[PDB]
Amino acid sequence: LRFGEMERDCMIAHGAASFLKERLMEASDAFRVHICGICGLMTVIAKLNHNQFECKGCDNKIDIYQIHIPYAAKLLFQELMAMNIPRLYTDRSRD
Amino acid sequence: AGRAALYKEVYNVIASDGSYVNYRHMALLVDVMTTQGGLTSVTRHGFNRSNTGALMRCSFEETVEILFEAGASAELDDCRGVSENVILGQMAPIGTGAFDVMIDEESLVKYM
Amino acid sequence: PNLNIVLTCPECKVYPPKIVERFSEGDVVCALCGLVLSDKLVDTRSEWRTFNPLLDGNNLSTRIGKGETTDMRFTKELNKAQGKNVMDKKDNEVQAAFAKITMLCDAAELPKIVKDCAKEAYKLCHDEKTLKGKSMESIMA
Amino acid sequence: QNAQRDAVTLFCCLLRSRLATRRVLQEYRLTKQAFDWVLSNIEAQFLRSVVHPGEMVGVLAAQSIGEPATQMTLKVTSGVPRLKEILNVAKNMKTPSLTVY
Amino acid sequence: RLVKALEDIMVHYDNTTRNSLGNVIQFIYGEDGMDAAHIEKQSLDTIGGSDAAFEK
Amino acid sequence: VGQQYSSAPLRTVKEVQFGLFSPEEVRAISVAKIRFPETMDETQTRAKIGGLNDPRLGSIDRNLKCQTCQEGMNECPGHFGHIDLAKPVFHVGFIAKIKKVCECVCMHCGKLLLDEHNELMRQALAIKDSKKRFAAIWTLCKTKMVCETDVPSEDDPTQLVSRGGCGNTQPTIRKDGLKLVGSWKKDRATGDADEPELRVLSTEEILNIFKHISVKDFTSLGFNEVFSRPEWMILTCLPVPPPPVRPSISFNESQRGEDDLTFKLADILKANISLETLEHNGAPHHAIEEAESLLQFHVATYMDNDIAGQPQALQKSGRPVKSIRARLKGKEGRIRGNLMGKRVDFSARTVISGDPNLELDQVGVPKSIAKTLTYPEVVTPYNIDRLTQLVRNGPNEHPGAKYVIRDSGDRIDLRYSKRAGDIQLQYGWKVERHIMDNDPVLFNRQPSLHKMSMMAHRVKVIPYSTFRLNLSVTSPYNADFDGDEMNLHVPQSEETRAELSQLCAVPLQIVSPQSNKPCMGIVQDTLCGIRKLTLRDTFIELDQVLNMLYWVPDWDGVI
Amino acid sequence: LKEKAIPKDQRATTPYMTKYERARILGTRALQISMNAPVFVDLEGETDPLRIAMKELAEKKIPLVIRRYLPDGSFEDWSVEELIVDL
Amino acid sequence: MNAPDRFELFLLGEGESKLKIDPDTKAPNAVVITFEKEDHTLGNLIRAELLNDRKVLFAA
Amino acid sequence: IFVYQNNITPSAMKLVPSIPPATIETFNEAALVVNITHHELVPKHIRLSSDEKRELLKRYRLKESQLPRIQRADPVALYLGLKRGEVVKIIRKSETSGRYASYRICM
Amino acid sequence: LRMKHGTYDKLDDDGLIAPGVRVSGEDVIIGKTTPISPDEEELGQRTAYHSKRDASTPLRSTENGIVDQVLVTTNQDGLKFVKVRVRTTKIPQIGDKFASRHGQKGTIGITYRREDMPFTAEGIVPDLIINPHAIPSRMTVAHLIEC
Amino acid sequence: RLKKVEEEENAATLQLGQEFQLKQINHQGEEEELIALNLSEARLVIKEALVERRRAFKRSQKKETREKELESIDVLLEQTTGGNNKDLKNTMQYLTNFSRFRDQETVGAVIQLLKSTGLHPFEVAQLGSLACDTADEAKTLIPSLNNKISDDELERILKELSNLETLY
Amino acid sequence: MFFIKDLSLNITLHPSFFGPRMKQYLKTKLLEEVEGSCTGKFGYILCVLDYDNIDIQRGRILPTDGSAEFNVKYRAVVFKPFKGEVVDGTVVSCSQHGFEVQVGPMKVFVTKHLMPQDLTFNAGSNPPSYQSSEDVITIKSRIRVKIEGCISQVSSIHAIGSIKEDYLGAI
Ligand SMILES: [Mg+2]
Ligand SMILES: [Zn+2]
Ligand SMILES: [Zn+2]
Ligand SMILES: [Zn+2]
Ligand SMILES: [Zn+2]
């Protein structure tokens, strides 16, 4: 089925934020990745048979996180980089 | 006086027929349209060219141009916005999201 | 290396496993065991229902004409500037012979099958010293 | 303190107008008991009537203005185009009238 | 357009009507802090009448 | 599946930061060195040539490769490759900004025209949001097409103090096509010097002079040196996206029908090698200009095909090639159609009819729909027997299950499941089962406009496939039974079920927040009947009043 | 920096627990009772986790506390016992 | 697939009784009965004649 | 306070921003023939001392940019003569509470 | 290879179905096989499992009719070209939509038999009953006049 | 942020790493100097922590002879924790194998001396973890120490440390 | 070498463990997921300090799961494998192209090129002994090895070393 903008809006108006998130992950994409904790990019090679998380270019084997994301958003970042553009910093750095 | 006249005008238009909406909604619309020191039409550019999150601002059909501007100016997006939290898939700090749920070892001890 | 994956139920293992596809669920199940194997299958018929590279070869064909959201003078400029790489490839000769045999076959009101078979016949040899010219009439005919 | 006092002026004025003592004794004939009851009910209801913090007033307002703009109609401009102009200014006139007293 | 322009406005626990950046739109919400529902068209009983009728 | 558990710290995204790529950044993060314009079927079968399509990047299907990082398909996110261009080329997303900034700076010196000595631009530098400062600088430096070494005299009483680097003159740049021409009037002949140098400015010299700008100057112009540099703003080394961005559609009759973006990239690499061979061999300097123009044209086309209407640049067939802007534009291009709204799961769609035997929070659902839909439950001590019985039922009669989920990421399908009576259904598991009665569920009518029309309901399963709802709730949905259709949305967890029941349920939404009067009511038939019944001139006898009293459900038993 | 929080006194936020955290705490308690966590009041044959949570709230024993975010970043805290549940 | 046909319209209770004999808890000596595979063509008759009897107090 | 009959040549107004901290203000009689504040749509405006402004910021926990703005070239701003960084409390006759307070920043 | 579970038994030796038999939702009706070559069609990258890559056409997943009037004849250029036809009975149900000649569209709510349909003195039990409120606001006088 | 390479080797010419540098801040806001340790000091404090946590568990269910001590703390370790700490067995074997003092009081006297000298912490911790009595030979071992310290001062500290420590 | 610092950890707790006595339960979990562990930032994590008055005091319930997250601050002892100075390790296993020295917790290896070419290595030894004067590989085998560099990776620690120096290999 379709869950369009207006449906999203009136869900916002209810305020059932956890339902909205549930409908935007589990009913759909729900993809996992790993991001570089220094680049803020998604280039992390993750040999999951060996727990290895090298990030070439960054050249670290430590600062790695896994996040959860819509797959379409993953895609949108992929072609945004293909447009030569999006660091994804895992926490605050402004306060 | 500008926003008072504007509120008078919008009330006149929407109360020519099909009245009425409550006052507070209309007042909120007037205020968010006038809270910059000057009148700001809700266009593709008017409210859109504020110092506001690039993701919600590219949710409004000037998409690649405004993303190029954001990439060139290299600015940071705070992700306190609902659209940002949606397209990043986290639960927005909204309604039920507007707080946190914290365990309490003390009350847990006190209620054996 | 060969990078290859064969599905195998890790709890039955009795064969190359007798499994089935539940296409309406996008899942594959060990039919003897009943445990799901992998999920979120990808479509295999709606992609065809949505809508010749082999005859034209490895190089990719391009029918380029004029559009609608541009001026007629700019379409003429497009037609004049689109002819800058008609000599690097031998594909120019390939679609030249293709156009020629298109003219000949459809002048002989032949079926599309016959047209494609002649395309294949030219594409198969297409360049040899055994060809050796012959005014292109011998080889096309 | 000042904001809280100035935020309930209308409501307390109305309350005073209703519960003027001549009025309550002459019209309504309360008891002491029922008087305490009506005081407690007013207080409890009013405190149940405040805005719950943490909800999307802007979206609520936007929808509440948007939907009765759909069932609205179409000398002087009016209707849909006038609303579009005044919501989308666009400093164009089409009726630049001004009343003079 | 309108619902896109007024998305992120939130009443906060400080009873201010803020945007995403915390810019204040209303100071107290709606000039009263009163809800959207619990409102009736009840009447003020001091405006009307004569001066004499009022003091009567 | 268990999604192949990893010990990386799961955290959330809080900040996102934009910018550009330095060419060393893209060359560092790239994996492949794509050089062969042909992609697939090297001999001509499979395991494609080491050009496009995974030597060492995203695989196609059922092959582990992903540059030997082994996440099958559905966990490898793709891995970037890159190519190298012979010449630097522009960016259609930055053409006008390049024009503005090349107006702004003096070439051959690489410094700002105005330097902290006009008080007007002094305060223009002082004022900053982020870019109104830049626009003010740009509009103050339109003039003075000569660069200077010593302008300022009135900074002092009259002392003329030198700051500048070059006394050279600037052109007046005319933006045209996909390139930039200059015109140096320069007014320094023996006469008036009416000789504008109509010279097309090289991308190479723009790159060099952009490399010759100060950090200081970046901050004035609104560039962040660690994220945004004007010499990064010219394309030199170009990333490619892995096939998960641009999948071969695998045409599903016999062929592949391989897709648009890869066609365009094959074009790019073909024009690249043509240009470099033409350069490396005998270059007669009259093919160079159009060859590089074609290269820049095609990379511009690949970036965008929605440009000022001098080209159109279509492929086979007459449908023009869609570029990334066309892929991301409004109305279902990846943002309004895949992020802000999307397809979902766990939903249903039928037509509706009235029923005066359902109270408002109830909805009637066909047994077929409740057999298709489901909802997981976690096995507790409390529900162990009921779930055991409901598994034992099997997936064909209605109050039964469809899937069982063990503690690890397992799903044993109950359909095949010849040990169906043999599962003992241990604790901590998930049993995924049909819709029972009075489960909460969400309800929709397109087009939703206001706070209603997403209302929750309890579910009573009914036969005879169609939906079924009370007549009073009709007008908030704004839906007569002329053939309208609703939508269902089954929640999937305890939090979402709870918040759905405690907010979106109908009975706590009687008063409309939008207009402070209730939006419900009773309607046509019962309204007419209730006026008919409430008249002084009518009466009821004993048997009728007994049946009516028994029809009232909470009737206390006193007549 | 300066502890970003508040003493339990002079908490200037309403003492009336409102609907959004009503729903949230009911959902959370429902989920723990779903995953065989220890219940904190007796049962009477009811098996629904949500109703269990509803009664457990009704006589006020929830082992949770709540954190409200003021717009700056400083936060108050409250114990779900010390709220009042009227709506 | 599990939408009922007209077999269940009148065929008496399969693995089931014909009627339930459940006591009300709201008035003295009241009992509700649930017949099934029947309808008005029964029910109206029983109610009317039982009401015609004088010793009863309520029948609907 | 300087009042001109008609136009001012820029040479006679380029050096208006001279001699800080002394400030020079310009006015047309046409702009001064009618008192602006006596119009009934204009609410009451009052000025904030720097102390109570700082108190306001510490109470509502804002930081100095989240207030609604007001132009320097505004008529009421020019009537009051205030400059950058000042706060004007605004008292207007609301309709849901009668009397309602608000503040602006002259930025 | 990867052929469906359509239980191909309804077909015959010439790869077609016969007219007059019944078909359920998932029964295949047409059998197709890949003639490629070059794929190393029964000697490589597949077992035997001879050369299928089956391109069979199942019936639409819901309806269930009876196969009627199957014909085959060559196409324009000469191939083997097949058309089948299937026939279904469609009894009215709840959700079906009827209309008058006056724009009174609507659907069936529920159904009744005669013994609780209302009935007139001559025993003319009606076919269908629509609500009176569709009369005044729709202003549809001519419907009444027609009746 | 700039990818911040910062190549750095660890040596004793005040060539110390960033990740463990000297001046940190503790979580209550007080300044946190680097704690570098001696081998014999570590040998003492593992025993101190072990006896402290053992007596902590004695209260929990209520409410220096190396050959005995290694196996005793081993059986104390698999009393509660697991047997996977074979490398930790290797570590306290290393500590009892090469720690410069078996007894606590010599270590305490050395630290009481060093708290008055005010030497460089990581330098003197490396010296204490080393077990040698020859200053010039130590300077030949580590040219970082050879460049840093004068041999006369090195031996004048090394002998008044060497007479105290238990020779091996 | 071994280090002492205050350090922070990041721990989930399943909602089934919400019993009345969880503080010491978390202390136990801290014990068997701090003691006997390796990382890259802090290396081999040996043991904990400051068992009393530990810092947890508060925890948040995760949104999508009933897991409760806790933040733990604690003093501890770890190991920091340096590079470029001498350790007198012991060797347990050997290869054909060099011995593998177990200096305490890790296993540092010395390549057959990293041993000095004038060391008189005899391959006919059990284990293959790269001895010249006294550094015969035994069960004890106190060999003065200098770490080349302990290369840091994901949490599996590896190091390299050599004995091409006077009194390197020699005690
Ligand atoms: Mg923003
Ligand atoms: Zn990186
Ligand atoms: Zn199996
Ligand atoms: Zn991969
Ligand atoms: Zn210059």
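### Things to note about the pairing of strand β16 (residues 454-462) of chain F
Residues and elements named next belong to chain F. When strand β10 (residues 362-366) meets β16, the two strands line up parallel, connected through five bridges. What sits directly across from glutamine 362, in β16, is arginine 458. Two elements, strand β15 (residues 440-444) and β16, share five bridges in a ladder whose sense is antiparallel. The residue bridging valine 441 from the neighbouring strand is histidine 457, located in β16.

### Digging into the nonpolar core
Within the largest apolar cluster, 220 residues are counted, with the highest numbers of intra-cluster contacts made by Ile83 and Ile98 of chain F together with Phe99, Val145 and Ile163 of chain L. Considering every element that reaches this core, the biggest residue donor is strand β5 (residues 68-79) of chain L, with eight residues. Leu6, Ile14 and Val42 of chain B together with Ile65 of chain D belong to the second-largest nonpolar core, a separate cluster that totals 30 residues.

### Side note on the side chain of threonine 380 of chain F
Following the sequence through the fold, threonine 380 of chain F ends up in the loop between β11 (375-378) and α11 (384-393). A polar contact is formed between the side chain of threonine 380 of chain F and the side chain of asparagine 383 of chain F, at a distance of 2.6 Å. In this view, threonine 380 of chain F contacts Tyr427 of chain F together with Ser34 and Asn36 of chain G; residues no more than four positions away in its chain are not counted.

### Focus on the packing of helix α7 (residues 260-280) of chain F against helix α8 (residues 288-303) of chain F
Residue and element names in this part refer to chain F. Taken N-terminus to C-terminus, the directions of α7 and α8 make an angle of 160 degrees; their axes are 10 Å apart at the nearest point. When the axes of α7 and α8 are compared, the pair comes out roughly antiparallel. The handedness of the crossing between α7 and α8 comes out as left-handed. Residue-level contacts link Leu261, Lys264, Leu265, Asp267, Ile268, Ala271, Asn272, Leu275, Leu278 and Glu279 of α7 to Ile288, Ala291, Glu292, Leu294, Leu295, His298, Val299, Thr301 and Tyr302 of α8. Here the contact of α7 with α8 is built from residues that sort into 12 nonpolar, three polar and four charged.

### Some points on the pattern of salt bridges
Here the structure, examined in full by the defined rule, presents 77 salt bridges over all chains. Here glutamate 485 of chain F makes a salt bridge to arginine 349 of chain F, at a shortest N to O gap of 2.6 Å. Of this pair, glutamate 485 of chain F sits in the loop between α12 (474-477) and β17 (487-489) while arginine 349 of chain F sits in the loop between β9 (347-348) and β10, and the two are 136 residues apart along the sequence. Exposure remark for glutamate 485 of chain F: the relative accessible area of 22% places this residue in the partly exposed category. The salt bridge involving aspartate 51 of chain I is made with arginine 54 of chain I; its shortest N-O contact spans 3.3 Å.

### Re the arrangement of the chains
The structure contains 32 pairs of chains in contact, of which chains A and F account for the largest number of contacts. Across the gap from chain J to chain K, with no contact made, the nearest C-alpha atoms are 47 Å apart. Regarding chain H and chain L, which are not in contact, the minimum distance between any of their C-alpha atoms is 34 Å.

### Points about the interface of chain A and chain F
Interfaces are often sized by the amount of accessible area the parts lose when they come together. The partner chain F presents 82 residues to the 64 residues of chain A that form the contact. Note on chain A versus chain F: buried area summed over both sides is about 6900 Å², and carbon and sulfur give 58% of it. Per-residue buried area on chain A facing chain F is highest for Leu1, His14 and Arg87 of chain A; these three make up 12% of the total on that side. Across the contact surface, chain A and chain F share two salt bridges. In this structure, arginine 336 of chain F and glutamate 5 of chain A form a salt bridge, with 3.4 Å as the shortest nitrogen-oxygen distance. In this assembly, chain A and chain F are joined by 32 residue pairs in polar contact.

### Here we look at a nonpolar patch on the surface
Residue and element names in this part refer to chain H. Among the surface-exposed residues, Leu19, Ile21, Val31, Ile33, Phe35, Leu42, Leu45, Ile46 and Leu50 lie close enough to one another that they form a single nonpolar patch of about 790 Å² accessible area. Contributing elements (two or more residues each) for the nonpolar patch: β1 (19-23), β2 (31-35) and α1 (40-52). Topologically, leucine 42 is positioned in helix α1. Residue class for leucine 42 comes out partly exposed when judged on its relative accessible area of 32%.

### A short note on the interface of chain L and chain K
The interface is formed by 31 residues belonging to chain L together with 32 residues belonging to chain K. Carbon and sulfur atoms supply 64% of the area that chain L and chain K bury against each other, a total of about 3200 Å² over both sides. The largest share of the area that chain L buries against chain K comes from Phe2, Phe3 and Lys5 of chain L, three residues that together contribute 18% of it. Applying the counting rule to chain L against chain K returns one salt bridge. Salt-bridge contacts for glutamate 32 of chain K lead to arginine 75 of chain L; the nearest nitrogen and oxygen are separated by 3.6 Å. In this structure, the connection of chain L to chain K is made through eight residue pairs in polar contact. When residues of the side of chain L that touches chain K are traced back to their parent elements, those giving at least two are β1 (2-13), β3 (44-49), β5 and β6 (86-95) of chain L. Broken down by element, the residue count for the side of chain L that touches chain K peaks at five residues, all from β1 of chain L. Among the residues forming the side of chain L that touches chain K, the class breakdown is 14 nonpolar, four polar and 13 charged. Where strand β3 (residues 35-36) of chain K lies against β1 of chain L, two bridges are found, and the strand directions are antiparallel.

### A few points about the coordination of the zinc ion (ligand 3)
Perfect tetrahedral coordination of a metal by four donors corresponds to 109.5 degrees between them, and perfect octahedral coordination by six donors corresponds to 90 or 180 degrees. Around the zinc ion (ligand 3), the protein contributes the donor atoms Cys9 of chain C (SG), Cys12 of chain C (SG), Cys30 of chain C (SG) and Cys33 of chain C (SG), at 2.3 Å from the metal centre. Coordination at the zinc ion (ligand 3) is tetrahedral, judged from the four donor atoms that bind it and the angles of 99 to 123 degrees they form at the metal.

### What to know about the environment of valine 511 of chain F
Structurally, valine 511 of chain F can be placed in the loop between α13 (494-503) and α14 (524-533). For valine 511 of chain F, a relative accessible area of 46% translates into the label partly exposed. Along the backbone, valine 511 of chain F and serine 22 of chain F are 489 residues apart, and their C-alpha atoms lie at a distance of 58 Å. If sequence neighbours within four positions are ignored, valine 511 of chain F has contacts with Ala37 of chain E together with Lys517 and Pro518 of chain F.

### Concerning the side chain of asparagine 19 of chain E
Residues and elements named next belong to chain E. In this structure, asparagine 19 sits in the loop between β2 (17-18) and β3 (24-26). For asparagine 19, a relative accessible area of 15% corresponds to the buried category. Among the polar contacts made by the side chain of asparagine 19, one reaches the main-chain amide nitrogen of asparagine 23 at a distance of 2.5 Å.

### Things to note about the sheet that holds strand β5 (residues 87-93) of chain I
Residues and elements named next belong to chain I. One open sheet accounts for four strands, arranged β3-β5-β6-β4; its pairing is mixed. Across the chains shown, the open sheet's two edge strands, defined by having one partner strand only, are β3 (44-47) and β4 (69-70). Alignment of β3 against β5, held across four bridges, turns out to be antiparallel. Counterpart to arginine 47 in the pairing with β5 is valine 88.

Cut-offs used in this document
Residues numbered from 1 in each chain as written, not as in the entry; some residues may be left out. Chains lettered and ligands numbered in written order. Part of a larger assembly, values for the part shown. Heavy atoms only, no water. Residues with missing side-chain atoms left out of burial classes, pairs and counts. Pairing = 2+ DSSP bridges. Helix = DSSP H or I, 4+ residues; strand = E, 2+ residues; numbered from the N terminus. Core = buried A, V, L, I, M, F, W, Y, C linked by side-chain atoms within 4.5 Å. Buried < 20%, exposed > 50% of the residue type's maximum accessible area, 1.4 Å probe, protein only. Polar contact = N/O pair within 3.5 Å; in protein donor to acceptor, adjacent residues only side chain to side chain. Contact = heavy atoms within 4.5 Å. Axes fitted to C-alpha atoms, helices over the stretch in contact; angles between N-to-C directions. Parallel < 35°, antiparallel > 145°, perpendicular 65-115°, else oblique. Left-handed = near helix turned anticlockwise from the far one by under 90°. Nonpolar A, V, L, I, M, F, W, Y, C, P; charged D, E, K, R; others polar. Salt bridge = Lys/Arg side-chain N within 4 Å of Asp/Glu carboxyl O. Buried area = accessible area lost by both parts, 1.4 Å probe. Patch = residues over 30% accessible without salt bridge, like charges linked within 9 Å, V, L, I, M, F, W, Y side chains within 5 Å. Areas by Shrake-Rupley, 256 points an atom, 1.4 Å probe, with all protein chains shown as cover. Donors = N, O, S within 2.8 Å, 3.2 Å for Na, K, Ca; no water. Tetrahedral: all angles 85-135°; square planar, octahedral: opposite > 155°, others 65-115°.

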